[PDB]
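Q: Sending over coords-v2.txt (compact mmCIF, C-alpha atoms).
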# COMPACT_ATOMS: atom_id res chain seq x y z
CA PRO P 414 0.00 0.00 0.00
CA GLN P 415 3.08 2.09 0.38
CA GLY P 416 4.17 1.02 -3.09
CA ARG P 417 0.62 1.60 -4.24
CA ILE P 418 0.90 5.23 -3.21
CA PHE P 419 4.49 5.62 -4.43
CA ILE P 420 3.64 4.70 -7.99
CA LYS P 421 0.32 6.52 -7.70
CA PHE P 422 2.13 9.80 -7.16
CA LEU P 423 4.73 8.95 -9.77
CA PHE P 424 1.98 9.09 -12.36
CA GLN P 425 0.21 12.07 -10.89
CA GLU P 426 3.50 13.87 -11.55
CA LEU P 427 4.80 12.51 -14.81
CA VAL P 428 1.28 12.92 -16.15
CA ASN P 429 1.22 16.58 -15.22
CA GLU P 430 4.08 17.09 -17.57
CA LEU P 431 3.37 14.80 -20.48
CA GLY P 432 -0.32 15.56 -20.26
CA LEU P 433 -1.55 12.03 -20.85
CA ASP P 434 -1.16 12.22 -24.65
CA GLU P 435 2.58 12.09 -25.23
CA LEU P 436 2.22 9.52 -22.48
CA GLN P 437 -0.26 7.72 -24.72
CA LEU P 438 2.65 7.35 -27.11
CA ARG P 439 5.29 6.43 -24.55
CA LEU P 440 3.03 3.74 -23.13
CA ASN P 441 1.92 2.48 -26.52
CA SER P 442 5.57 1.72 -27.23
CA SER P 443 6.33 0.78 -23.65
CA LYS P 444 4.97 -2.82 -23.40
CA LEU P 445 4.58 -2.52 -19.63
CA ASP P 446 3.34 -5.93 -18.45
CA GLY P 447 3.64 -6.60 -14.70
CA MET P 448 1.65 -3.43 -14.75
CA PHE P 449 -0.45 -4.38 -17.81
CA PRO P 450 -1.19 -7.96 -18.78
CA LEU P 451 -3.56 -8.21 -21.71
CA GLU P 452 -3.11 -11.98 -21.62
CA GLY P 453 -4.57 -12.95 -18.28
CA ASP P 454 -5.90 -12.00 -14.89
CA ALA P 455 -9.19 -10.35 -15.80
CA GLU P 456 -9.50 -9.91 -12.05
CA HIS P 457 -6.17 -8.14 -12.03
CA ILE P 458 -7.49 -6.12 -14.94
CA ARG P 459 -10.24 -4.95 -12.60
CA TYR P 460 -7.52 -4.12 -10.10
CA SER P 461 -5.37 -2.38 -12.68
CA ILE P 462 -8.06 -0.46 -14.52
CA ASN P 463 -10.02 0.26 -11.36
CA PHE P 464 -6.80 1.46 -9.76
CA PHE P 465 -6.43 3.90 -12.63
CA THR P 466 -9.90 5.12 -12.02
CA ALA P 467 -8.65 5.75 -8.49
CA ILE P 468 -5.54 7.64 -9.55
CA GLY P 469 -7.98 9.26 -11.93
CA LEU P 470 -6.03 9.27 -15.14
CA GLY P 471 -7.52 6.07 -16.50
CA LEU P 472 -7.43 7.28 -20.09
CA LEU P 473 -4.45 5.11 -20.93
CA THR P 474 -6.33 2.10 -19.53
CA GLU P 475 -8.65 1.80 -22.52
CA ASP P 476 -7.49 -1.15 -24.61
CA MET P 477 -7.35 -3.22 -21.46
CA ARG P 478 -10.96 -2.18 -20.80
CA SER P 479 -11.88 -3.53 -24.21
CA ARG P 480 -10.10 -6.74 -23.20
CA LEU P 481 -12.24 -6.92 -20.09
CA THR P 482 -15.17 -6.88 -22.44
CA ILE P 483 -13.43 -9.46 -24.63
CA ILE P 484 -12.64 -12.34 -22.25
CA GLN P 485 -16.33 -12.78 -21.44
CA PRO L 1256 7.90 35.17 -28.28
CA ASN L 1257 8.45 36.30 -24.71
CA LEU L 1258 6.20 38.15 -22.41
CA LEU L 1259 7.74 40.29 -19.68
CA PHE L 1260 6.81 42.08 -16.54
CA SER L 1261 8.08 42.93 -13.06
CA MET L 1262 6.31 43.03 -9.71
CA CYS L 1263 7.41 43.36 -6.11
CA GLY L 1264 11.13 42.80 -6.67
CA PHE L 1265 10.83 40.13 -9.32
CA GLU L 1266 11.63 40.31 -13.03
CA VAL L 1267 9.41 37.67 -14.60
CA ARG L 1268 9.61 36.33 -18.12
CA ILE L 1269 6.99 33.98 -19.50
CA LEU L 1270 7.61 31.47 -22.28
CA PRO L 1271 4.65 29.53 -23.52
CA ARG L 1272 5.97 26.08 -24.01
CA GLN L 1273 4.67 26.19 -27.60
CA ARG L 1274 7.28 28.62 -28.84
CA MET L 1275 10.04 27.19 -26.70
CA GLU L 1276 10.29 24.41 -29.31
CA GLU L 1277 13.32 23.03 -27.51
CA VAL L 1278 12.51 21.84 -24.04
CA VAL L 1279 14.60 20.93 -21.02
CA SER L 1280 14.42 20.33 -17.30
CA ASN L 1281 15.59 23.46 -15.61
CA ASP L 1282 16.82 24.38 -12.18
CA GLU L 1283 14.45 25.94 -9.73
CA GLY L 1284 14.33 29.41 -11.20
CA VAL L 1285 11.41 28.14 -13.28
CA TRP L 1286 7.79 28.27 -12.24
CA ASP L 1287 5.59 26.15 -14.45
CA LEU L 1288 2.19 27.54 -15.29
CA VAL L 1289 -0.46 24.86 -15.15
CA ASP L 1290 -3.66 25.05 -17.16
CA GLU L 1291 -6.52 25.35 -14.73
CA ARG L 1292 -8.63 22.63 -16.33
CA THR L 1293 -6.37 20.34 -18.33
CA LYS L 1294 -3.47 20.34 -15.85
CA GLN L 1295 -0.32 20.58 -17.97
CA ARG L 1296 2.78 22.73 -17.83
CA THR L 1297 2.16 24.94 -20.81
CA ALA L 1298 4.54 27.75 -20.07
CA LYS L 1299 7.70 28.14 -18.10
CA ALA L 1300 8.09 31.32 -16.11
CA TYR L 1301 11.52 32.59 -15.19
CA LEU L 1302 12.53 34.90 -12.39
CA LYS L 1303 15.26 37.36 -11.57
CA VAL L 1304 15.86 39.98 -8.89
For the structure just supplied, provide its representation as structure tokens.
A:
Amino acid sequence: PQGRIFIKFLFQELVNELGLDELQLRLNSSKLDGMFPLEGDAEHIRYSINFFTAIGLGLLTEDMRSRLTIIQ
Amino acid sequence: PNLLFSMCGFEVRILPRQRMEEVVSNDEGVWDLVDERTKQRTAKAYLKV
């Protein structure tokens, strides 16, 4: 829950520079997995994507949202 | 490109980050103006005395 907050901040800063669009790029080339599986853990996709409703950015969580709709 | 002014003792310059066109992290003489709604740093402000 520490680490939860630590990374939480880290995005509420880096966001406030890149502005969530340039970051759309940087992510789209990033292939961040332990953060973002597309390949499993629909539960952990509720935890991920939910958690980025909690941070509030949640606009780079989209494709994974589609995946939520896809597994079912 | 610039805008200038001075108040209190401060000499402020304002660069909109648009027309900066070459960007960098700067030391702490830079305030970063943040759009009220969107929340970005769209202009760097510089100080002097």
Q: Compute the chain L side of the contact with chain P at 7 Å, counting all atoms listed in the file, and hand it back as a ChimeraX atom specification.
A: /L:1294-1296
Q: Which residues come within 12 Å of region 469-479 of chain P, counting all atoms listed in the file, excluding same-chain residues fewer than 2 positions away, as a PyMOL selection string?
A: (chain P and resi 421-422+424-429+432-441+443+445-446+448-467+481-485) or (chain L and resi 1293-1294)
Q: Please compute the CA of residue 1299 (chain L)-CA of residue 1271 (chain L) distance, one decimal, in Å.
A: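 Atom-to-atom, CA of residue 1299 (chain L) to CA of residue 1271 (chain L), that is 6.4 Å.
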Q: Between CA of residue 418 (chain P) and CA of residue 444 (chain P), what is the distance in Å, rounded to a tenth?
A: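 Atom-to-atom, CA of residue 418 (chain P) and CA of residue 444 (chain P) are spaced 22.1 Å apart.
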Q: Distance CA of residue 1275 (chain L)-CA of residue 1292 (chain L), one decimal place?
A: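 Separation between CA of residue 1275 (chain L) and CA of residue 1292 (chain L): 21.8 Å.
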Q: What's the 8 Å shell around residue 1258 (chain L), counting all atoms listed in the file, without same-chain residues fewer than 5 positions away, as a list in words?
A: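 Selected residues are residues 1268, 1269 and 1270 of chain L.
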Q: Neighbouring residues of residue 1266 (chain L) were defined as those with any atom within 6 Å, considering all atoms listed in the file; residues of the same chain fewer than 6 positions away were excluded. Please report them as a PyMOL selection string.
A: chain L and resi 1302-1304
Q: Those residues with C-alpha atoms, as a tab-separated table (two decimals), keeping the file's coordinate frame please?
A:
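Dumped to out_16.tsv:
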chain	number	residue	atom	x	y	z
L	1302	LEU	CA	12.53	34.90	-12.39
L	1303	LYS	CA	15.26	37.36	-11.57
L	1304	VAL	CA	15.86	39.98	-8.89
Q: Write out as a PyMOL selection string each polymer residue whose atoms come within 10 Å of residue 1283 (chain L), counting only C-alpha atoms; drop sequence neighbours fewer than 3 positions from it.
A: chain L and resi 1280+1286+1301-1302
